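Single-structure report; data block below.
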Amino acid sequence: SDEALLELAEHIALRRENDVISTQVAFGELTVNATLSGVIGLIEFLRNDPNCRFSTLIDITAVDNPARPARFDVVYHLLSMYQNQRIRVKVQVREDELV
Amino acid sequence: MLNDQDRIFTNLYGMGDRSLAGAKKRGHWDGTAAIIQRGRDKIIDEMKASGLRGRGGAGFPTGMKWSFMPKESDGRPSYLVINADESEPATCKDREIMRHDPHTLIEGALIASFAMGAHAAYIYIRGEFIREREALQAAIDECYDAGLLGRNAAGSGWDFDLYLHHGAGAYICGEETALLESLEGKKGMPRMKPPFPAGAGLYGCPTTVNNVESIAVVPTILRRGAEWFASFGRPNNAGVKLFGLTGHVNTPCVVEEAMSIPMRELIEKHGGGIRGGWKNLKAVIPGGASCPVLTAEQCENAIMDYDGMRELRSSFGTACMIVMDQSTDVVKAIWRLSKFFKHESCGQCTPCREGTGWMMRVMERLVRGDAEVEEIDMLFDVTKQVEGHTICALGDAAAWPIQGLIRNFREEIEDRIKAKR
Amino acid sequence: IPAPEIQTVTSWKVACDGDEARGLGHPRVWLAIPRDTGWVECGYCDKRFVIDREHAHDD
Amino acid sequence: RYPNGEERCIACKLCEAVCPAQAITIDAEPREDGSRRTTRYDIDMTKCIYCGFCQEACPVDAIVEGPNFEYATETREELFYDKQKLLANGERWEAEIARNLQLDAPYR
Amino acid sequence: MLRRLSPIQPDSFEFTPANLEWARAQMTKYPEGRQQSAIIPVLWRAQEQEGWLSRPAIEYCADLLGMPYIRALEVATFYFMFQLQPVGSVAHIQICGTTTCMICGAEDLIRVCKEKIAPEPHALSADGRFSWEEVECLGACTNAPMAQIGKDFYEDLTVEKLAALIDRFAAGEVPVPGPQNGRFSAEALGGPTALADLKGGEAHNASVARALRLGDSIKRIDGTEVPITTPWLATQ
Amino acid sequence: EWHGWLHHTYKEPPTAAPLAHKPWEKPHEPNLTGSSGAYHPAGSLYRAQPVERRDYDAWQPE
Amino acid sequence: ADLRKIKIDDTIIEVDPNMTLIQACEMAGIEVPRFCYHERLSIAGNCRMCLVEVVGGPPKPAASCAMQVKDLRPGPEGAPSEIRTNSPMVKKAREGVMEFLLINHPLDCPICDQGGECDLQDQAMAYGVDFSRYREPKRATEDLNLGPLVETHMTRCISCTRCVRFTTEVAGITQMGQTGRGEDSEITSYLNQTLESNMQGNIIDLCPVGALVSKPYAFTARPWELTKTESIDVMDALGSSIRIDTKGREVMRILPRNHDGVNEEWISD
Amino acid sequence: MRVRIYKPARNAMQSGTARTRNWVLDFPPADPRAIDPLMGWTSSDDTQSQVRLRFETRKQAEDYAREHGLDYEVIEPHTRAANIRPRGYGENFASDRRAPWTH
Ligand SMILES: Cc1cc2nc3c(=O)[nH]c(=O)nc-3n(C[C@H](O)[C@H](O)[C@H](O)COP(=O)(O)O)c2cc1C
Ligand code: SF4
Ligand code: SF4
Ligand code: SF4
Ligand code: SF4
Ligand code: SF4
Ligand code: FES
Ligand code: FES
Ligand SMILES: [Ca+2]
Ligand code: NA
Ligand SMILES: [Zn+2]
């Protein structure tokens with residue numbers, strides 16, 4: 001599943017180059033850092049794309065990082081029951097910025 | 001074999017005349033001025049060629065050690081300290097040199113001191129050797145009267161003073177840096193290196209520490225010659241060596257022999273053989289307490305020299321042996337050494353202050369068989385935690401005897417556990 | 001305050017654990033009786049150990 | 001208390017540190033005889049979650065959760081237990097508490 | 001074993017005039033400002049004079065050499081030849097217990113000591129005249145089993161011979177030290193196996209010969225027994 | 001004495017297997033909540049002598 | 001000013017050659033366990049907890065507190081000398097020394113004032129094994145009479161001699177020493193007299209274990225309860241940098257904090 | 001209110017330096033605490049003192065206080081400079097030492 005998640009991350013980085021800032025696979029989980037302006041387009045691609053069929057939204061939450069210029073992270077957790085895989089999407093948000 | 005003509009210590013037993021005149025009859029103090037006028041470099045270069053190696057326990061090339069000393073004085077005086085502590089449990093060779101053939105030690109001190117550019121030498125003798133110190137002090141006073149020591153020592157044109165200093169019962173004070181601490185009026189705790197003694201030793205001045213037998217041999221090598229000394233023994237194991245035969249031999253004694261003599265020939269020739277015949281031999285500790293024990297079979301072809309004992313996974317040490325026959329409890333023998341090392345650790349550094357006691361108390365239970373068999377491997381592991389992790393080599397010396405027992409007599413330890421359980 | 005318990009011992013080193021079976025006391029500690037005063041007290045249970053000087057056996 | 005009648009608590013404060021609800025408050029001084037003992041030992045029973053972490057953390061089995069569960073009160077402040085109240089509970093329930101400790105000792 | 005000073009201490013210490021003279025000579029063997037080097041020899045002489053090392057002696061010798069008291073106390077407790085409490089008034093028997101003497105019967109010798117002197121080491125006999133202790137190797141292992149009494153080694157011992165020796169000390173005699181089995185010094189029993197021709201040159205070995213001449217084996221040294229000489233002061 | 005048996009914690013009744021008691025133990029009391037013997041904190045207004053609290057000593061004029 | 005390059009683990013760093021390896025490691029932000037070494041005391045080298053591996057040297061681990069950078073043999077061709085603080089040898093050395101430190105240490109943490117801010121607890125957690133192999137009786141030690149400021153529990157002493165080195169070098173008194181030999185060697189004051197120094201309270205900080213503790217502070221708090229305020233002392237005109245530890249409304253103790261230009265890291269009694 | 005921006009100093013009781021890397025923005029207690037009469041607990045109406053923020057650099061702490069209109073004081077830290085011993089361990093045995101080293 002580690003090789004599988006790295007392969008899947010390349011597929012996303014390739015098809016959504018401008019949405020994706022970077023990807024990471026740590027502790028067996030794939031995290032995608034995305035731009036705020038492209039997060040909706042990317043999550044839509046993840047939902048509908050054949051290789052990555054992330055049609056279950058597990059949840060959305062935020063993390064506060066006061067030491068950072070963009071203090072908030074908004075985190076999207078998505079599950080695919082058909083592909084049997086998970087993904088996390090993270091976007092950095094400034095205070096008073098709209099998501 | 002060695003014959004009287006080739007024996008350096010010719011009055012080792014003190015049977016002959018012990019006066020200064022009697023020593024001169026035996027060739028000592030003979031042309032000391034001429035040797036010194038050969039210069040520092042020629043003497044050092046000759047000691048290097050003779051192949052002499054430290055007789056204190058580690059066997060480091062002596063001439064090389066002398067060449068670490070500075071050639072010019074930078075304001076700090078140089079010192080030679082002669083190590084007469086001799087508290088290693090099986091070692092008694094140095095006792096004879098100091099009380100019966102002192103003039104070999106005194107002259108070697110002068111020549112060695114000149115070779116390092118030292119005007120003063122200090123002999124550190126163990127405090128238990130009360131009569132040896134009185135006898136050695138009497139010889140030093142004879143030499144001062146004869147002019148062999150003092151303003152123009154032996155007519156050589158070198159101002160040399162020889163002092164006698166004694167300890168008060170610490171085996172760790174034989175360690176070279178602990179000796180300097182004891183000589184300065186402190187409790188004898190070793191120093192870490194660096195600084196090295198050639199850089200900062202006694203009083204923070206350049207110092208060389210040599211064993212009594214290392215120095216006492218110097219004048220004869222220079223008089224007879226480096227090639228003669230290197231004739232005896234195997235290559236890289238040169239010279240004649242004072243041996244101690246102790247334990248369960250017919251006639252225990254101290255004797256001078258060539259290096260690399262077979263162990264059996266040494267025992268049979270001078271020890272009178274094993275008590276009850278060679279087949280009664282059980283184990284031998286070949287070079288003092290800190291040397292791993294040897295089985296009866298390993299001693300068959302053992303060659304008494306630095307390479308021979310290393311090849312058998314043991315150490316040459318001081319070359320004084322403990323011979324144990326088939327009636328000896330070997331686990332009890334090694335245990336009593338663990339008790340010795342626990343008694344002697346200076347307590348400065350953790351792995352030996354705490355480790356030696358732990359090793360002793362596990363060994364005591366192994367003597368009685370009051371242990372699990374898994375504690376033998378545990379004990380071996382504990383010794384490895386001490387060895388190499390301490391300030392001074394006493395930590396190592398406390399681990400090797402136990403490691404030798406486990407490597408060579410493990411079945412005897414496992415029998416005691418089965419015998420009791 | 002008087003001690004809750006006194007034991008007389010013939011050794012200068014004692015161990016106390018609250019005298020309770022199989023892990024029901026306090027952590028086991030070793031205490032040294034000074035030769036000057038001849039008694040020591042457990043820091044956990046306050047038990048006092050008192051040396052029997054005439055029979056006190058050095059180890 | 002110990003079988004010798006002395007308090008088991010030595011004011012280590014491990015129970016106060018582990019308490020998830022911060023229900024324990026302790027103050028200690030050296031006693032007149034020099035012993036390490038508490039002068040205040042409060043449990044706020046309206047903060048406590050009855051998790052038993054304190055008895056797990058105690059190194060001397062001083063604080064325990066006992067078998068009693070029928071102590072409903074008519075006023076809230078009757079549930080602010082001070083040191084003497086807790087010690088009185090231990091002196092009345094010791095026989096059952098000690099037996100329970102023996103029964104569960106093989107699993108602790 | 002904890003190294004502590006005895007709880008009962010003499011009120012004062014003072015070197016005898018000849019021992020104070022001897023001590024000052026010892027300080028001249030070491031460079032200027034290094035007189036603290038003489039602490040061990042000077043402390044040893046204090047014990048020799050009195051038979052044990054007392055607190056006033058340690059403080060007296062610290063003042064003589066300009067050391068702090070704690071520094072001098074460290075020396076006294078680190079070096080185990082110093083007796084920090086009274087020992088037997090007549091003699092103190094030190095029996096080697098290390099391996100070579102152990103496998104040659106040292107433990108049987110210790111059994112003799114417990115029967116004749118005292119059940120435990122460092123304990124005075126009922127008279128107050130004898131004490132014993134077990135010590136590590138004394139560097140006479142070819143003469144094992146052996147013991148030290150006073151200044152002298154008594155070597156090649158046996159339970160019978162050691163018992164007899166203690167009886168002579170108890171009667172006020174000083175038996176001859178050295179090998180008790182007829183050996184000379186350290187050569188093989190039954191004649192040297194090397195340097196055999198020299199036999200006859202000297203009656204006794206160096207240790208025994210000096211002991212017989214001076215008779216100070218168990219004598220409190222007052223400093224008037226050996227002349228005080230400093231030949232090194234001429235060298236400059 | 002009987003609580004453990006009545007709640008099935010112990011198999012045998014205290015008649016057959018009596019509980020060991022230490023000499024410093026105290027007799028059982030029921031719940032005293034609605035009575036005058038109810039426990040109250042030292043600073044309670046029920047106490048009628050509530051313990052006064054402070055953490056510093058004040059200087060007193062001469 | 002001829003800085004020398006050295007490679008520590010995987011960090012190449014340039015340091016004064018007179019630095020010891022332990023000082024260089026801290027400059028590189030690499031943690032090295034220690035008990036006996038202190039920045040402002042003479043190097044002792046007795047705890048053996050700071051042992052590191054010098055790549056290419058003899059198999060013996062080296063005490064990083066005592067080895068100057070210039071003592072390291074230069075690397076081949078002039079490459080920077082390498083030392084490892086992460087190798088299996090170092091891991092085994094640290095585990096071995098920690099085991100030796102604990103075999104005779106008393107099971108005192110609940111009643112010991114050091115608990116919660118103890119270097120022995122913390123480095124045992126980080127650098128030791130989680131179990132014991134020691135099955136023998138432990139050493140028990142008598143306590144000292146050092147006066148009304150320092151309470152002693154000498155069974156806890158790990159023989160680091162920080163107290164001796166501070167009182168002798170910094171406080172300038174000669175009352176403390178280490179008598180005896182071996183595992184029976186005791187840290188002590190001469191004649192069991194109370195220490196005479198208005199700088200003696202500093203040994204409470206310096207002692208890494210609860211052997212030397214504060215009598216006035218004894219048993220009153222645990223380190224995790226305290227609110228810490230960095231302030232300035234007014235008991236004299238030096239203006240020492242201090243830390244005030246409060247619990248609720250009350251100050252519970254006063255500790256020094258470092259100021260190289262005023263009080264270093266000491267305060268008076 | 002007024003906040004403190006400072007780098008917490010090493011605990012003198014310990015030699016570790018891991019709790020000395022971060023900057024903190026603190027809201028120091030604003031009014032006196034009181035003693036609860038009933039149980040003697042420490043009472044407070046100052047919940048703002050519960051807040052303790054953590055930063056990696058002084059700039060980050062100073063920025064946050066500025067973006068949030070907080071009056072702040074920055075206390076500068078006192079780093080301990082390395083005590084470089086020219087002779088290292090060897091100074092313990094220097095010939096010119098005032099007194100012998102005690103080990
Ligand atoms: C614990 C210990 C004890 C030692 N005892 C002695 C000794 O008694 N006599 C001796 O000559 N060397 C002894 N040594 C060896 C010295 O440290 C040093 O290596 C030697 O004296 C140098 O002299 P050499 O090279 O001429 O042999 C001892 C070493 C250690 C670690
Ligand atoms: S290894 Fe033993 S004798 Fe050597 S310094 Fe360490 S504690 Fe002292
Ligand atoms: S049982 Fe109650 S007092 Fe004990 S730790 Fe849990 S919440 Fe705290
Ligand atoms: S009850 Fe136990 S854990 Fe709590 S302070 Fe007392 S001894 Fe420590
Ligand atoms: S010094 Fe540290 S490890 Fe030792 S008992 Fe105290 S808190 Fe525990
Ligand atoms: S008392 Fe403390 S500072 Fe002194 S040597 Fe022992 S552990 Fe080190
Ligand atoms: S073993 Fe006894 S004198 Fe050497
Ligand atoms: S810190 Fe280096 S040996 Fe102690
Ligand atoms: Ca009490
Ligand atoms: Na401390
Ligand atoms: Zn107890």
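Each chain in the structure tokens gets a letter, A, B and so on, in the order shown; residues start at 1 in every chain, and ligands are counted from 1 in the order they appear.
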Which residues of chain C have any atom within 9 Å of an atom in chain E when counting only C-alpha atoms, and what is the closest pair of atoms for each, with the distance in Å to one decimal? Order the rows by chain and rising number and write it as a tab-separated table.
```
residue	atom	partner	partner_atom	distance
C:36	CA	E:7	CA	8.6
C:58	CA	E:120	CA	8.7
C:59	CA	E:1	CA	8.8
```
Go ahead and dump the residues you just picked, C-alpha atoms, as an mmCIF file, in the first residue's frame.
```cif
data_model
loop_
_atom_site.group_PDB
_atom_site.id
_atom_site.type_symbol
_atom_site.label_atom_id
_atom_site.label_comp_id
_atom_site.auth_asym_id
_atom_site.auth_seq_id
_atom_site.Cartn_x
_atom_site.Cartn_y
_atom_site.Cartn_z
ATOM 1 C CA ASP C 36 26.585 6.706 66.514
ATOM 2 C CA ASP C 58 29.699 -6.767 61.106
ATOM 3 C CA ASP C 59 29.480 -8.200 57.602
#
```
Test item: residues no farther than 8 Å from ligand 6, counting only C-alpha atoms and all ligand atoms, as a ChimeraX atom specification: /G:36,152,154,156-164,187,203-204,206-212
Given a cut-off of 7 Å, what residues near ligand 8 show up using only C-alpha atoms and all ligand atoms, put as a ChimeraX atom specification? /G:34-37,44-51,63-66
Keeping C-alpha atoms, export the residues of the selection given above as a compact mmCIF listing (two decimals), in the first residue's frame.
```txt
# COMPACT_ATOMS: atom_id res chain seq x y z
CA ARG G 34 25.97 13.65 31.03
CA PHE G 35 26.13 13.65 34.79
CA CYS G 36 29.57 14.78 35.95
CA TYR G 37 30.32 17.47 33.36
CA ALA G 44 36.00 15.33 35.80
CA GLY G 45 35.19 12.47 33.42
CA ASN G 46 33.94 10.04 36.07
CA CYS G 47 30.29 9.33 35.18
CA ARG G 48 31.17 7.90 31.73
CA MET G 49 27.70 8.79 30.43
CA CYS G 50 29.02 11.08 27.67
CA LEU G 51 30.88 8.40 25.73
CA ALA G 63 34.49 10.69 26.89
CA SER G 64 33.24 13.67 24.91
CA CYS G 65 33.51 15.97 27.93
CA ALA G 66 37.28 15.50 28.18
```
Do you know which residues are at most 7 Å from residue 318 in chain B counting only C-alpha atoms, after dropping those on the same chain fewer than 5 positions away, and could you put them as a VMD selection string? chain B and resid 55 to 57 91 287 to 288
As a ChimeraX atom specification, please: every residue in chain A that a backbone DSSP assignment puts in strand (DSSP E). /A:20-26,29-34,56-64,72-80,85-93
For ligand 9, which of C:43, C:52, C:38, C:57 is the closest residue, counting only C-alpha atoms and all ligand atoms?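 Selected residue with least distance to ligand 9: C:43.
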Taking the chain letters and numbering used in this document, name the residues of chain H that DSSP puts in helix (DSSP H, G or I), as a ChimeraX atom specification. /H:18-20,48-50,58-67,88-93
Expected file: the selected residues, N, CA and C atoms, as a CSV table (one decimal), in the first residue's frame:
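Once everything was written out, this is selection_5.csv:
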```csv
chain,number,residue,atom,x,y,z
H,18,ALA,N,16.5,21.0,26.2
H,18,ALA,CA,15.4,20.8,25.2
H,18,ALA,C,14.3,21.8,25.4
H,19,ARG,N,14.0,22.2,26.6
H,19,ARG,CA,12.9,23.2,26.9
H,19,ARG,C,13.4,24.7,26.8
H,20,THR,N,14.5,24.9,26.1
H,20,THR,CA,15.1,26.2,25.9
H,20,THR,C,15.1,26.7,24.5
H,48,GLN,N,-7.9,34.4,31.3
H,48,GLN,CA,-7.0,34.8,30.2
H,48,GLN,C,-5.6,34.2,30.5
H,49,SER,N,-5.2,34.1,31.8
H,49,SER,CA,-3.9,33.5,32.1
H,49,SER,C,-3.8,32.0,31.8
H,50,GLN,N,-4.9,31.4,31.3
H,50,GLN,CA,-4.8,30.0,30.9
H,50,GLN,C,-4.0,29.9,29.5
H,58,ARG,N,11.5,34.8,17.8
H,58,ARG,CA,11.0,36.1,18.4
H,58,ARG,C,10.1,36.8,17.4
H,59,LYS,N,10.5,36.9,16.2
H,59,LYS,CA,9.7,37.6,15.2
H,59,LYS,C,8.3,37.1,15.1
H,60,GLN,N,8.1,35.7,15.1
H,60,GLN,CA,6.8,35.2,15.0
H,60,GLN,C,5.9,35.6,16.2
H,61,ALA,N,6.5,35.6,17.4
H,61,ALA,CA,5.8,36.0,18.6
H,61,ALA,C,5.4,37.5,18.5
H,62,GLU,N,6.4,38.3,18.1
H,62,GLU,CA,6.2,39.8,18.0
H,62,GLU,C,5.1,40.1,16.9
H,63,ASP,N,5.2,39.3,15.8
H,63,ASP,CA,4.2,39.5,14.8
H,63,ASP,C,2.8,39.2,15.3
H,64,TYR,N,2.6,38.1,15.9
H,64,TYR,CA,1.3,37.7,16.4
H,64,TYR,C,0.7,38.7,17.3
H,65,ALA,N,1.5,39.2,18.2
H,65,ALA,CA,1.1,40.2,19.2
H,65,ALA,C,0.7,41.5,18.4
H,66,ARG,N,1.4,41.8,17.3
H,66,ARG,CA,1.0,43.0,16.6
H,66,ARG,C,-0.3,42.8,15.8
H,67,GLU,N,-0.4,41.7,15.1
H,67,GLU,CA,-1.7,41.5,14.3
H,67,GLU,C,-2.9,41.4,15.2
H,88,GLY,N,41.8,22.4,28.3
H,88,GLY,CA,40.8,21.3,28.4
H,88,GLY,C,41.0,20.6,29.8
H,89,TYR,N,40.9,19.3,29.7
H,89,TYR,CA,41.0,18.5,30.9
H,89,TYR,C,42.4,18.6,31.5
H,90,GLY,N,43.4,18.9,30.7
H,90,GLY,CA,44.8,19.0,31.2
H,90,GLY,C,45.0,20.2,32.2
H,91,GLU,N,44.1,21.2,32.2
H,91,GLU,CA,44.3,22.2,33.1
H,91,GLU,C,44.2,21.8,34.6
H,92,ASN,N,43.5,20.6,34.8
H,92,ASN,CA,43.5,20.1,36.1
H,92,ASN,C,44.8,19.7,36.7
H,93,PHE,N,45.8,19.5,35.8
H,93,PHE,CA,47.2,19.1,36.3
H,93,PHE,C,48.2,20.1,35.8
```
List all protein, DNA and RNA residues that have at least one atom no more than 7 Å from any atom of ligand 2, counting only C-alpha atoms and all ligand atoms, and write them as a PyMOL selection string. (chain B and resi 172+189-190+344-353+390-395) or (chain G and resi 182)
Selection above as a file: N, CA and C atoms, as a short mmCIF file (atom, residue, chain, number, x, y, z; two decimals), in the first residue's frame:
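So part-v4.cif came out as:
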```cif
data_model
loop_
_atom_site.label_atom_id
_atom_site.label_comp_id
_atom_site.auth_asym_id
_atom_site.auth_seq_id
_atom_site.Cartn_x
_atom_site.Cartn_y
_atom_site.Cartn_z
N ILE B 172 45.81 0.24 42.81
CA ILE B 172 45.59 1.18 41.72
C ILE B 172 46.73 2.17 41.60
N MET B 189 43.98 8.37 42.26
CA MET B 189 42.98 8.16 41.23
C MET B 189 43.60 8.38 39.86
N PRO B 190 43.40 7.49 38.90
CA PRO B 190 43.97 7.71 37.57
C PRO B 190 43.45 8.98 36.91
N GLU B 344 40.03 -3.16 45.17
CA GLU B 344 41.08 -2.27 44.72
C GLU B 344 40.60 -1.12 43.86
N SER B 345 39.40 -1.20 43.27
CA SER B 345 38.94 -0.12 42.41
C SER B 345 38.97 1.19 43.18
N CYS B 346 39.48 2.23 42.54
CA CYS B 346 39.60 3.51 43.21
C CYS B 346 38.24 4.16 43.46
N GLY B 347 37.20 3.70 42.78
CA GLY B 347 35.87 4.22 42.95
C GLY B 347 35.59 5.49 42.19
N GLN B 348 36.53 5.96 41.36
CA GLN B 348 36.33 7.21 40.64
C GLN B 348 35.17 7.12 39.65
N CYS B 349 35.18 6.12 38.78
CA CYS B 349 34.30 6.12 37.62
C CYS B 349 33.29 4.98 37.69
N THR B 350 32.12 5.22 37.09
CA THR B 350 30.94 4.41 37.38
C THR B 350 31.09 2.94 37.02
N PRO B 351 31.51 2.58 35.81
CA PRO B 351 31.46 1.16 35.43
C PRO B 351 32.30 0.26 36.32
N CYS B 352 33.35 0.79 36.94
CA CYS B 352 34.19 -0.01 37.82
C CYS B 352 33.80 0.14 39.28
N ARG B 353 33.41 1.34 39.71
CA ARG B 353 32.96 1.51 41.08
C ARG B 353 31.75 0.63 41.37
N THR B 390 35.84 2.55 31.00
CA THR B 390 36.32 3.13 32.24
C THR B 390 37.46 4.11 31.97
N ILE B 391 37.86 4.83 33.01
CA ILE B 391 38.97 5.77 32.89
C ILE B 391 40.28 5.02 32.69
N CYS B 392 40.54 4.02 33.52
CA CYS B 392 41.82 3.33 33.54
C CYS B 392 41.60 1.85 33.27
N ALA B 393 42.70 1.13 33.08
CA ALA B 393 42.65 -0.26 32.65
C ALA B 393 42.32 -1.23 33.78
N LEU B 394 42.23 -0.78 35.03
CA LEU B 394 41.74 -1.67 36.07
C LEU B 394 40.34 -2.17 35.74
N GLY B 395 39.51 -1.32 35.14
CA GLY B 395 38.21 -1.78 34.70
C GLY B 395 38.31 -2.94 33.74
N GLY G 182 36.54 2.88 46.32
CA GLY G 182 35.62 1.94 45.71
C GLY G 182 34.16 2.31 45.92
#
```
Restrict the distance test to only C-alpha atoms, flag each residue of chain D within 7 Å of chain G, and return the flagged residues as number ranges by chain. D: 10, 12, 27-30, 36
Counting only C-alpha atoms, a student should be able to say which residues of chain G come within 7 Å of chain B; what is the right answer, written as a VMD selection string? chain G and resid 46 to 48 60 to 61 93 96 to 97 100 to 101 181 to 183 185
Set the cut-off to 7 Å, count only C-alpha atoms and all ligand atoms, and list whatever residues fall near ligand 3 as a count of residues only. 18
Within 6 Å of ligand 7 (counting only C-alpha atoms and all ligand atoms), which residues show up? I'd like them as a ChimeraX atom specification. /B:89-90 /E:96,98-101,137-141,144
So which residues touch range 397-412 of chain B within 9 Å, counting only C-alpha atoms, skipping near sequence neighbours fewer than 2 positions away, as a ChimeraX atom specification? /B:285,289-295,313-314,330-331,334-335,337-338,340-342,352,356,359,363,376-377,379-380,382-384,386-387,393-395,414-416
Where does chain C meet chain G within 12 Å, residue by residue, with the nearest atom pair and distance in Å to one decimal for each, counting only C-alpha atoms, listed by chain and rising number, as a tab-separated table?
```
residue	atom	partner	partner_atom	distance
C:12	CA	G:140	CA	9.4
C:13	CA	G:140	CA	6.8
C:14	CA	G:140	CA	8.7
C:15	CA	G:137	CA	8.7
C:16	CA	G:107	CA	11.3
C:17	CA	G:107	CA	10.6
C:26	CA	G:107	CA	9.6
C:27	CA	G:107	CA	6.2
C:28	CA	G:107	CA	6.8
C:29	CA	G:107	CA	6.1
C:30	CA	G:140	CA	5.7
C:31	CA	G:140	CA	5.4
C:32	CA	G:140	CA	5.2
C:33	CA	G:142	CA	7.4
C:34	CA	G:142	CA	6.4
C:35	CA	G:142	CA	9.6
C:36	CA	G:142	CA	10.6
C:37	CA	G:142	CA	11.3
C:38	CA	G:142	CA	11.6
C:39	CA	G:142	CA	11.2
C:40	CA	G:142	CA	9.6
C:41	CA	G:142	CA	11.9
C:42	CA	G:111	CA	10.9
C:43	CA	G:111	CA	7.3
C:44	CA	G:111	CA	7.6
C:45	CA	G:111	CA	11.2
```
Within 8 Å of ligand 4 (only C-alpha atoms and all ligand atoms), residues as a ChimeraX atom specification: /D:8-16,26,38,54-55,57-63 /G:110
Residues near residue 46 in chain D, anyone? I mean within 10 Å using only C-alpha atoms, not counting same-chain ones fewer than 4 positions away, as a list in words.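 Listed by chain and then number, they are residues 21, 23, 76, 77, 79, 80 and 81 of chain D.
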What do you get as a list in words if you pick all residues at most 7 Å from ligand 1, counting only C-alpha atoms and all ligand atoms?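 My answer, listing the contacting residues, is residues 53, 54, 55, 56, 57, 58, 59, 60, 62, 83, 84, 85, 86, 87, 88, 171, 172, 173, 174, 175, 176, 209, 210, 211, 212, 214, 392, 393 and 394 of chain B.
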I need the contact residues of chain G against chain H, so if you could list those with any atom within 7 Å, counting only C-alpha atoms, and return them as number ranges by chain, that would help. G: 18-19, 23, 39-40, 43-44, 66, 68, 117-119, 165, 205-206, 208, 248-249, 255-260
